[PDB]
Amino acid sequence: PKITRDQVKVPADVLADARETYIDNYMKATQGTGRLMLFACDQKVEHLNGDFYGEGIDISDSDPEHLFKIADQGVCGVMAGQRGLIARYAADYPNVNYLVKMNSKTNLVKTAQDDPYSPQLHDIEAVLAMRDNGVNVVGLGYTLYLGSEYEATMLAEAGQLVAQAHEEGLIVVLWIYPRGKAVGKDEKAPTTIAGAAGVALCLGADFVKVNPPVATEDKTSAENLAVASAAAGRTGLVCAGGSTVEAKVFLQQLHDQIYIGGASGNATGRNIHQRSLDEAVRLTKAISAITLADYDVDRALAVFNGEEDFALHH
């Protein structure tokens, strides 16, 4: 798609003096399309070194600079990573739209031992200082585990964060993953994903990242996602394709999520960075072709296979 500055709907918690900044950031993050292509680079904490070294993982992924190379050479809307990770590389990679992921936890403590809690790692002022030091921070990210016994803590953190972010004209993406004792088998039930989507709207987020819901007898995964996209209202819903599948199967999933599921984009992590730099760059281009330029699966697969190139300036 394509949008103008005037088409950006500025929420009422973005103050008058931050209005233009917010529009700048929304236009950057969505690359002037209204759609969010998110490259997720926050998994060094979440899964430790699991997604970065081992069987089936390209050796270049063992070096963190790999992520910044992909973001710089590939086509993405935003690169989402922890403040410190961005801090150590952004000087050499200034032409990326950075989304600072505000909280993180490891996966060492499993749900069965204790419900998940992912704490805000630092205040917003630390991000603002970095922005004021030349870093192109366009927004913030935060994860909520609804149904966790620690839900309250994350709700309180997330709610305050969205307010402060919009005060500064930063966009906000919430990862909402209902997880815990209470949730169990219902983790990817259609109602759970839809619930998650509605909560992000109520908190004031610009975008919400959810798991794709399971297919039911009644509906496909994408068809169930439509309910969640509706529930999120003026908050854009972004989803994920399976990390395990073929490149064409993956691109088909993303296409369905947008055109049948009503998603406003996607969030892709290990599926990109576990590949060699060349193949990873080609994948981001194929993903962005669907997400930002309305390419059908066939033409996107051509981009991935290197038969065609893709650039935003056309």
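Start at 1 and count along the sequence shown; that's the residue number.
Looking at mean Cα B-factors across 68-76 and 100-108, the upper value is held by 68-76. With 24-32 and 246-254 compared on mean CA B-factor from the PDB entry, the stretch scoring higher is 246-254. You'll see in the entry that, of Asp123, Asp206, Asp114, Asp218, the Cα B factor peaks at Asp218. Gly184 sits in the middle third of its chain by CA B factor, as recorded in the PDB entry.
When the CA B factors of the chain's modelled residues are split into thirds, the value for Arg131 lands in the highest one. Sorting the modelled residues of the chain by their CA temperature factor places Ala240 in the highest third.
Sort the modelled residues of the chain by CA B factor and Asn211 lands in the middle third. Sort the chain's modelled residues by C-alpha temperature factor and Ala222 lands in the highest third, per the entry.
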